[PDB]
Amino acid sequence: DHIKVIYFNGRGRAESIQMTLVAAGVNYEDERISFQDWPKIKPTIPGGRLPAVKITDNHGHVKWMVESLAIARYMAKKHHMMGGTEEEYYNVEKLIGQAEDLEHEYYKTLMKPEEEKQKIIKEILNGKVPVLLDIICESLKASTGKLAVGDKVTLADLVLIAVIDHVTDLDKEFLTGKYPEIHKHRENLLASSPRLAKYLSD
């Protein structure tokens, strides 16, 4: 059973799939597609969208998975990272929802020239971004554990760190001296998962 994570963007939507697998201690192969080869690769991907995950058993049979956060939730559920109670499940989804709202602001900046980019970044960093970071800070405070939901790793944790890194991609100093719970979350996450600590260092 061989897992291939097929994607173009190293900083993209595959991050949540890769981090789930890393934290789960699961081997996989990264297959990165270049812009140049995409037109030729597209018709070979069911649904024609990346990221996608190709799973090949030892009899050469192929199962395809599409929709990156659906894949990540499947892999997370399989390896006990989607909450241990229905209440924890709710809170996992709550924080994923909140991080996706933040991610969607980051998305407004993508594929622009110098400006719109500069103009968008400025609008989002003064608008919804700080509101959303505050909401996430309070969700983290309300955890019954040291992590986003309880004390052990969930998808909510990995989705969060990926989205924060996009925020800092826009303004590296944006969270400096602020959102201590968010910095504290990352410290704590890296402690609970040497694997992810290792992966993120590399």
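Residue positions are given as counts along the sequence shown, with the first one as 1.
S.K.: Between 74-82 and 114-122, which has the higher average C-alpha B-factor in the PDB entry?
M.R.: The deposited B-factors put 114-122 ahead on the C-alpha mean.
S.K.: Averaged over C-alpha atoms, is the B-factor higher for 4-12 or for 191-199 in this PDB entry?
M.R.: Taking the mean C-alpha B-factor of 4-12 and of 191-199, the larger value falls to 191-199.
S.K.: Using only the C-alpha B-factors in the record, can you name which of 68, 56, 34, 154 has the highest?
M.R.: So the option with the highest C-alpha B-factor is 56.
S.K.: Highest recorded C-alpha temperature factor, please, choosing from 60, 39, 48, 51.
M.R.: By C-alpha B-factor in the record, 60 ranks first.
S.K.: Please place residue 140 in the lowest, middle or highest third of its chain according to the CA B-factor in the PDB entry.
M.R.: Residue 140: CA B-factor falls in the middle third of its chain.
S.K.: Could you tell me which third, lowest, middle or highest, the C-alpha B-factor of residue 164 occupies within its chain?
M.R.: Lowest third.
S.K.: When the modelled residues of the chain are sorted by Cα temperature factor, does residue 158 land in the lowest, middle or highest third?
M.R.: Within its chain, residue 158 is a lowest-third residue by C-alpha B-factor, going by the deposited values.
S.K.: Going by what the PDB entry lists, where does residue 26 fall on CA B-factor within its chain: lowest, middle or highest third?
M.R.: Its C-alpha B-factor, which the entry lists for residue 26, ranks in the highest third among residues of this chain.
S.K.: Where does residue 133 sit by CA temperature factor within its chain: lowest, middle or highest third?
M.R.: For residue 133, whose C-alpha B-factor we compare with every modelled residue in the chain, the answer is the lowest third.
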